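Ideal geometry is used to build each Cβ from the backbone, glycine not excepted, and the neighbour counts take in all protein chains shown. No value in this document is a laboratory result; all are computed from the given coordinates.
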Amino acid sequence: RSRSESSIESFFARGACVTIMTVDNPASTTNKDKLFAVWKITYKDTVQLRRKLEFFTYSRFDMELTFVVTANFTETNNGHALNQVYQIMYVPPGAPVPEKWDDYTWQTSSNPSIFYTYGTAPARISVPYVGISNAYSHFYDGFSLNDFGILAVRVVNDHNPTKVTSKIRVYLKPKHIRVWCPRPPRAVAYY
Amino acid sequence: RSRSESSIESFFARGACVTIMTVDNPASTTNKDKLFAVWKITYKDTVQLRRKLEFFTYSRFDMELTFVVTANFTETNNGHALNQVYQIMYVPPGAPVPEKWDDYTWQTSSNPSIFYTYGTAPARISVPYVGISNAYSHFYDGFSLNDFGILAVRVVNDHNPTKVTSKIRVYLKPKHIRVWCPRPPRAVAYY
Amino acid sequence: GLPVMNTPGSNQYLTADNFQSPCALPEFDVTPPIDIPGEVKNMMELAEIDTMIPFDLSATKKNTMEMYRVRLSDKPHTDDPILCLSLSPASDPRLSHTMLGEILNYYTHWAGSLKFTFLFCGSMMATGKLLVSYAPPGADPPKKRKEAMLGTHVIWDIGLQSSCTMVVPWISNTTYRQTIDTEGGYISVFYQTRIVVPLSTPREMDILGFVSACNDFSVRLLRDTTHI
Amino acid sequence: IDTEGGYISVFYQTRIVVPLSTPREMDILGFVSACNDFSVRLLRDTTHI
Amino acid sequence: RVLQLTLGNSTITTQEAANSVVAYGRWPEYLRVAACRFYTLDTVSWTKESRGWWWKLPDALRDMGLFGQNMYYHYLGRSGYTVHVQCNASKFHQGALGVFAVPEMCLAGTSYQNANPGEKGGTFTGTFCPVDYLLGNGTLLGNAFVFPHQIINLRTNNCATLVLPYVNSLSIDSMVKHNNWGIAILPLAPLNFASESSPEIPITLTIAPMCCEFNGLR
Amino acid sequence: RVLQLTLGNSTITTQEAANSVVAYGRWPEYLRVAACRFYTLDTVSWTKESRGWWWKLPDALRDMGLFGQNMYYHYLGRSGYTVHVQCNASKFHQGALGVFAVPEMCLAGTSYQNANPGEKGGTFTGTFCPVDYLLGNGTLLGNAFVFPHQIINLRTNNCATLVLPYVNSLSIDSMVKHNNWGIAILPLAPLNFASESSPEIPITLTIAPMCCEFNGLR
């Protein structure tokens, strides 16, 4: 007998990808507003984590985010580019989100930012519990969802000759989980 | 109740960019005096740090400078260049500043210099309190501003075939802050 | 050597990181500090200071000396209030500009009690009664003196004491409110009695108004929105 | 997943007796639960779209 | 044994408080008077064709006496409850009910008057009205027995009791905006009865706030 | 009070062992394990027209599990029994049964398969099948209450119990050749019931050997 692997920590704290944020190099050819990528942290997209969390009503958890950046030249053209640096900015709840590539939010002291140098160990931060409430509500029978923050991403190098696309996989691992008030689990139907 | 995040240390000691110093590779084509970049350390440019410091009259703080170097080839041409090294020289107060790329200040024992190899961890130093006075004066009602120093930057490699532009972001984080004599904060108007 | 294993997060610069760092001037003897008067150890010490509320933010009054003065006059005894001040210290344009509001704009969350302090700046001779009411959050502000009296209030006597310090309580469902959007209460001042004056003394007095955080006040989650 | 494990099974020993015009069509419900000795291991999430 | 419970100006006749489930094992508790009485709702008739019923809490008591008055004239409040379901029938009826208390019972087929029936409560359906075997949200009703529940099986018992503590992400919250509990009474087994018996038996709910406390009065 | 008796891999729900007759006052006893469990026979339906039923012992259990296996694969054996007759009915049925245990119940209208019904048991008649009021042999059934017996009178009780010791002229004997006990269940009063009640109530027998012992195994 042993019930360790069916503990909440073991059942939940498992590195799961939750998004793939794509950003292009600031190439001066015809580039759109794809120069930066923004994703509001939410578990309602990945079915695995969501279906596991909706076993329970309330919750609390730190949130370890790992970032796996993978780039490649777009054109078959004789591509050359020095090592790119990526600004991975975490925007806490209630804070403003970037609108442009050169918005002020990328220079704000509040917003913590990682400067990942390409071709190195995957970047990582550990967001704490950022809830106004004393527990993340997965279901709320009231009138006026919970804010974890936003992740914005850009390339720092600016006047680049050759285009370079890059995908940032975000491996979210909830850590120090607590969950209350179990519920019936949803079918996989409406996901 | 808890007033930790409204402590002076938490309110001030936050990594904020204060400049973006651009330097070109010593290419022998037609390059101007852009071969090196010089910036006198001053908070009077970034509004965030300035507006936070001008809450208070006097001050003292160590100054942790981090340096994020990001380069790229300028020409669409088939660009090739071995890994560049950057000399990031801190010039203390009252010392002479570089005038030329090959000035003597880059060989002076006094001036501490970092030799950052491109594609590695961001460079960093920790300037101590370098004030003649026992406190940085933000407002001085007298007759004859405070000197923190200068940061100069160059590429060390010399006879390069292909041009390579490079931006050095300077992330200043004041550490061990003390502040005296609060004041009304300025509007954002005259900044 | 000691076998190590570089983990994820290596060679990243997190602007929130707190590590040791090599000193560029390690042989330099720092100028020692002195005991200057007025060391601030915390920002809330600046929000605990009674600063003056601008009540009249009209086109003319604003950005002058008149935007702070609330003028008591002699006119038909209308039940409407002299002033009604919403308790959105961050999301109220009047309290937003106070020192408290200037410190709250730097933060996301806050919690605690406020103390408002009205101050009669009229004559030593003039006498009368104002009624300083406090509608709690969720309540629609009082429109008549009666509605205000029935709730929480203070019958301030203009004749006896020249100030009136009403302290708001900390009522919120969360442990902390937001600095942006949704209620929070209303201070509001009515005439209980039209102000009496002796001889040709002016019948147009002024009351000032101050606000400050209390010792129980606290903020968290810094949010600088300063830019150009 | 896959192989046996047993069978619960319910038979009539006696056809159900009822008094007067009471309905002769009843219902039985059935519940299941792990016991205190139960345990699982080696997590395997097969959830996808 | 016939216990005659009392709360102020109100009295209830319970056969016995034998089967009395405490939701999640926690008894109601204040934060570490008169409104806390028995409010008995309008009965609902359980027929052969019934799919279920549901009320919210504290929405069900928004109009009842002081627990309604206070619940409006305050801004924040918390309260546990004691939902007593009495389903008095003869010995010649048969059936089963599942009384389920549901924290944050967010229903789905969504606009305040829609998800706030109040005193009368809503009803389920078998195909607005949420689905019976789903509880609105896609959710097999068998697994619904995870919730704090009790089975009223007419052959053995005809009343259940549910003690509900205050369950919310917050210590205290606005009762007008946001319900905490949702009671759903669904027939596990259908009603059936002898030849010309009373063809629709009544279900009565008696709600009793416990540790009702509010701030701040206007 | 509801006792839930158990014997190995078998469980029985007795309302109460209140009326439990011990035949001739002697409890079963060995001579001075697994086979000794509850073997419940196929129920028989008691109608208005019934005359009676009868089983022998150990013949009734010749095919049941180990008490059949051993009873054949040995040569000599002895065994007491615990015949539990359950005659579950409503409160709107009426009647009486006489359960009589009969030592050496030699029946008469006589050829082994004839006097050895086995599991299903035989039946009496009122005029093969032996006569009900005679028990086959010319014998007034009233005087049949000399035998170790018990009355199942539905108005007061609906189950009887009979503990039967080993009764034979010999210490131990061949169970295949020679029965020791004979159970006969006869309606003293006829069945009757309200209008459209279940018109034939079931009688169930649960036989449990006690002090089952055999020699010598082949």
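Placing unit charges on the Cβ atoms of the charged side chains and taking the dipole of chain B about its Cα centre, the candidate lying farthest along the positive direction among B:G15, B:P184, B:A152 is B:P184. Answer rounded, prolate or oblate for the stretch F:131-177, using the Cα gyration tensor with square roots of eigenvalues a ≥ b ≥ c: rounded when a/c is under 1.5, else prolate when a/b is larger than b/c, else oblate. Note, shape of the stretch F:131-177 comes out oblate. Candidates C:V167, C:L100, C:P33 compared by Cα position along the dipole of chain C: farthest toward the positive end lies C:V167, with charges placed on Cβ. Counting only other chain Cβ atoms within 10 Å of each residue's Cβ, the peptide D:24-34 averages 3.
When the Cα positions of C:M124, C:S86, C:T225 are compared along the charge dipole of the protein assembly as shown, C:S86 comes out farthest toward the positive end, with charges on each C-beta of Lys, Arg, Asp and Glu. Whole-percent P(r), chain E, all Cα pairs, 10 Å bins from 0: 8, 34, 37, 17, 3, 0.
Quick check on chain F: helices-only [θ] at 222 nm, where DSSP H runs of length 4 and up contribute -39,500 (n - 2.57) each and the sum goes over total residues. Nearest 500, please.
Only helices count here, giving -1000 deg cm²/dmol.
Given +1 at the Cβ of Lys and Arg, -1 at the Cβ of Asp and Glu and no other charges, the dipole of chain C around its Cα centre is 1060 debye to the nearest 20. If only the Cβ of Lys and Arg carry +1 and only the Cβ of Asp and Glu carry -1, the dipole of the protein assembly as shown around its Cα centre is close to 540 debye. Remark: mean inter-chain Cβ contacts per residue of A:151-163 equal 3, using a 10 Å Cβ-Cβ cutoff to other protein chain atoms. Starting from a Cα-only point model with no solvent, please compute log10 I(q)/I(0) by Debye for chain B at q = 0.11, 0.17 1/Å. Log10 I(q)/I(0), no solvent term: -0.58, -1.12.
Counting, for every residue in B:119-129, the Cβ atoms of other protein chains within 10 Å of its Cβ and taking the mean gives 6. By the Kirkwood approach, averaging reciprocal distances over each pair of separate Cα atoms, the protein assembly as shown gets a hydrodynamic radius of 38.2 Å. Sorted ascending by nearby beta carbons within 10 Å, beginning with the fewest, A:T76, A:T66 become A:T76, A:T66. The modelled label-to-label distance for the pair B:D141/E:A34, using points 7 Å beyond Cα in the direction of Cβ, is 6.2 nm. Across the copies of the chain, B:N31 has label points (7 Å from Cα along Cα→Cβ) spaced 2.4 nm apart, shortest distance listed first. Among residues other than E:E213 with Cβ under 13 Å from its Cβ, the summed charge is 0 (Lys and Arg +1, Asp and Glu -1).
Listed cross-link partners A:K173/B:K173; A:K34/B:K44; A:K100/C:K115 are compared with a 31 Å cut-off, the Cα-Cα value being larger for A:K34/B:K44; A:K100/C:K115.
Exposure proxy ranking for E:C87, B:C181, based on other Cβ atoms within 10 angstrom of each Cβ and starting from the fewest, stands as B:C181, E:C87. Take E:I12, move 7 Å from Cα toward the beta carbon, and the resulting point lies 4.4 nm from the same point in each other copy, nearest first.
Neighbours of B:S59, meaning other residues whose beta-carbon lies under 13 angstrom from its beta-carbon, give a summed charge of +2 when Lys and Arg score +1 and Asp and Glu score -1.
Within a Cβ distance under 15 Å of F:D132, other residues only, what is the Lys/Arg minus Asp/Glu net charge?
Details: positive: F:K48, F:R51; negative: F:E49.
In short, +1.
With its label point put 7 Å out from Cα toward Cβ, E:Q69 sits 7.8 nm from the same residue's point in the other copies, in order from shortest.
Neighbour counts of C-beta atoms inside 10 Å place B:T105, E:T110 in the sequence E:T110, B:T105, starting with the fewest. Chain B versus the axis that turns it onto chain A: the residue with the nearest Cβ and the distance in whole Å amount to B:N78, 5. Taking a point 7 Å out from the Cα of F:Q69 in the direction of its Cβ, the residues of the stretch F:39-61 whose backbone N falls within less than 18 Å of it are F:39-40, F:61.
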